[PDB]
(Lines of atoms letter the chains of each structure in order from A and count residues from 1; the text may use other names and numbers.)
(Lines give C-alpha, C1' and ligand atoms only; values in the text may rest on other atoms or scores of the structure.)
Protein backbone atom coordinates (compact mmCIF):
# COMPACT_ATOMS: atom_id res chain seq x y z
CA UNK A 1 0.00 0.00 0.00
CA UNK A 2 3.04 2.18 0.69
CA UNK A 3 0.40 4.65 2.01
CA UNK A 4 3.12 6.48 3.87
CA UNK A 5 4.23 7.67 0.40
CA UNK A 6 1.56 10.38 0.70
CA UNK A 7 2.35 11.57 4.22
CA UNK A 8 4.94 14.21 5.02
CA UNK A 9 5.18 14.51 8.78
CA UNK A 10 7.23 17.31 10.11
CA UNK A 11 6.48 16.39 13.75
CA UNK A 12 3.70 15.29 16.20
CA UNK A 13 1.55 18.28 15.25
CA UNK A 14 2.46 19.29 11.67
CA UNK A 15 2.07 17.40 8.45
CA UNK A 16 0.60 17.56 4.99
CA UNK A 17 -0.65 15.00 2.50
CA UNK A 18 0.17 14.62 -1.18
CA UNK A 19 -3.34 14.80 -2.68
CA UNK A 20 -2.81 12.14 -5.41
CA UNK A 21 -4.24 9.07 -3.68
CA UNK A 22 -6.99 6.65 -4.73
CA UNK A 23 -10.27 6.18 -2.93
CA UNK A 24 -9.03 2.92 -1.28
CA UNK A 25 -5.92 4.82 -0.16
CA UNK A 26 -8.07 7.64 1.23
CA UNK A 27 -9.98 5.20 3.43
CA UNK A 28 -6.68 3.75 4.69
CA UNK A 29 -5.36 7.25 5.40
CA UNK A 30 -8.56 7.97 7.33
CA UNK A 31 -8.29 4.80 9.43
CA UNK A 32 -4.70 5.78 10.21
CA UNK A 33 -5.90 9.25 11.33
CA UNK A 34 -8.71 7.91 13.52
CA UNK A 35 -6.28 5.44 15.06
CA UNK A 36 -3.47 7.87 15.56
CA UNK A 37 -4.20 11.62 15.24
CA UNK A 38 -5.08 13.46 18.52
CA UNK A 39 -7.05 16.13 16.58
CA UNK A 40 -9.32 13.69 14.72
CA UNK A 41 -12.11 14.30 17.23
CA UNK A 42 -12.40 17.95 16.06
CA UNK A 43 -12.77 17.47 12.28
CA UNK A 44 -16.11 15.63 11.85
CA UNK A 45 -14.45 12.46 10.45
CA UNK A 46 -12.94 14.46 7.56
CA UNK A 47 -9.51 13.46 6.32
CA UNK A 48 -6.91 15.99 7.45
CA UNK A 49 -4.89 17.30 4.51
CA UNK A 50 -2.63 19.69 6.40
CA UNK A 51 -2.41 20.70 10.03
CA UNK A 52 -0.14 22.66 12.27
CA UNK A 53 0.18 25.58 14.67
CA UNK A 54 -0.83 29.01 13.47
CA UNK A 55 -1.50 32.22 15.40
CA UNK A 56 -4.64 34.23 14.65
CA UNK A 57 -4.26 38.01 15.08
CA UNK A 58 -7.48 38.91 16.81
CA UNK A 59 -8.61 40.84 19.87
CA UNK A 60 -5.81 42.05 22.17
CA UNK A 61 -3.18 39.35 21.41
CA UNK A 62 -2.52 36.45 19.00
CA UNK A 63 -4.40 33.21 19.73
CA UNK A 64 -2.32 30.12 19.04
CA UNK A 65 -4.42 27.63 17.07
CA UNK A 66 -4.03 24.18 15.70
CA UNK A 67 -5.26 24.80 12.14
CA UNK A 68 -6.59 21.87 10.11
CA UNK A 69 -7.31 21.89 6.44
CA UNK A 70 -9.53 18.88 5.64
CA UNK A 71 -11.74 17.09 3.18
CA UNK A 72 -14.96 19.06 2.72
CA UNK A 73 -13.17 21.26 2.32
CA UNK A 74 -12.97 22.72 5.85
CA UNK A 75 -10.55 24.91 7.72
CA UNK A 76 -11.06 24.16 11.43
CA UNK A 77 -9.13 25.96 14.19
CA UNK A 78 -8.72 24.39 17.63
CA UNK A 79 -7.43 25.63 21.00
CA UNK A 80 -4.30 23.49 21.31
CA UNK A 81 -4.01 23.95 25.12
CA UNK A 82 -7.58 23.24 26.35
CA UNK A 83 -8.32 21.00 23.37
CA UNK A 84 -11.55 22.64 22.21
CA UNK A 85 -12.81 23.48 18.70
CA UNK A 86 -12.91 27.27 18.48
CA UNK A 87 -14.33 27.71 15.00
CA UNK A 88 -13.95 27.33 11.24
CA UNK A 89 -12.91 29.71 8.48
CA UNK A 90 -15.93 29.50 6.18
CA UNK A 91 -15.24 27.75 2.89
CA UNK A 92 -16.64 28.98 -0.44
CA UNK A 93 -15.44 29.69 -3.96
CA UNK A 94 -14.76 33.24 -2.73
CA UNK A 95 -12.22 32.02 -0.13
CA UNK A 96 -8.77 33.20 -1.09
CA UNK A 97 -5.41 32.70 0.71
CA UNK A 98 -2.80 35.41 0.26
CA UNK A 99 0.80 35.37 1.53
CA UNK A 100 2.08 38.64 2.93
CA UNK A 101 5.51 37.49 3.99
CA UNK A 102 7.20 34.21 4.93
CA UNK A 103 5.33 34.12 8.29
CA UNK A 104 2.06 35.97 7.64
CA UNK A 105 -0.81 34.95 5.44
CA UNK A 106 -4.41 36.11 5.13
CA UNK A 107 -7.47 34.02 4.38
CA UNK A 108 -10.08 36.23 2.73
CA UNK A 109 -13.76 35.30 3.10
CA UNK A 110 -16.78 37.46 2.21
CA UNK A 111 -17.48 38.74 5.73
CA UNK A 112 -14.00 38.48 7.31
CA UNK A 113 -10.32 38.35 6.44
CA UNK A 114 -8.46 36.04 8.86
CA UNK A 115 -4.97 37.32 9.66
CA UNK A 116 -2.77 34.33 10.37
CA UNK A 117 0.85 33.88 11.30
CA UNK A 118 2.91 30.76 10.90
CA UNK A 119 5.66 30.94 13.51
CA UNK A 120 7.67 28.25 11.57
CA UNK A 121 8.15 30.63 8.60
CA UNK A 122 6.08 28.55 6.21
CA UNK A 123 3.03 30.68 5.46
CA UNK A 124 3.50 29.91 1.79
CA UNK A 125 3.08 26.19 2.36
CA UNK A 126 -0.28 26.99 3.92
CA UNK A 127 -1.32 29.20 1.02
CA UNK A 128 -0.20 26.66 -1.55
CA UNK A 129 -2.06 23.78 0.09
CA UNK A 130 -5.27 25.79 0.54
CA UNK A 131 -5.03 26.85 -3.11
CA UNK A 132 -4.39 23.25 -4.29
CA UNK A 133 -7.57 22.12 -2.57
CA UNK A 134 -9.45 25.16 -3.84
CA UNK A 135 -8.39 24.31 -7.43
CA UNK A 136 -9.46 20.70 -7.06
CA UNK A 137 -12.84 21.77 -5.66
CA UNK A 138 -13.59 24.71 -8.04
CA UNK A 139 -12.09 23.38 -11.30
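Positions refer to the first chain, counted from 1.
Checklist entry - So which stretch wins on mean C-alpha B-factor, 63 to 71 or 96 to 104? => result Averaged over C-alpha atoms, the B-factors run higher in 96 to 104.
Checklist entry - Quick one: higher average CA temperature factor, 73 to 81 or 109 to 117? => result Higher mean C-alpha B-factor in the PDB entry: 109 to 117.
Checklist entry - Lowest, middle or highest third of the chain for the C-alpha temperature factor of residue 12? => result Ranked within chain, residue 12 CA B lands in the highest tercile.
Checklist entry - Thinking about Cα B factors across the chain, which third does residue 122 belong to? => result CA B-factor rank for residue 122: lowest third.
Item to check | Within-chain third of residue 45 by Cα B-factor, per the entry | outcome: Residue 45: CA B-factor falls in the middle third of its chain.
Item to check | Third of the chain's Cα B-factor distribution that residue 90 belongs to, per the entry | outcome: It falls in the middle third of the chain.
Next on the checklist: Per the entry's values, where does residue 32 land by CA temperature factor relative to the rest of its chain, in the lowest, middle or highest third?
Outcome noted: CA B-factor rank for residue 32: lowest third.
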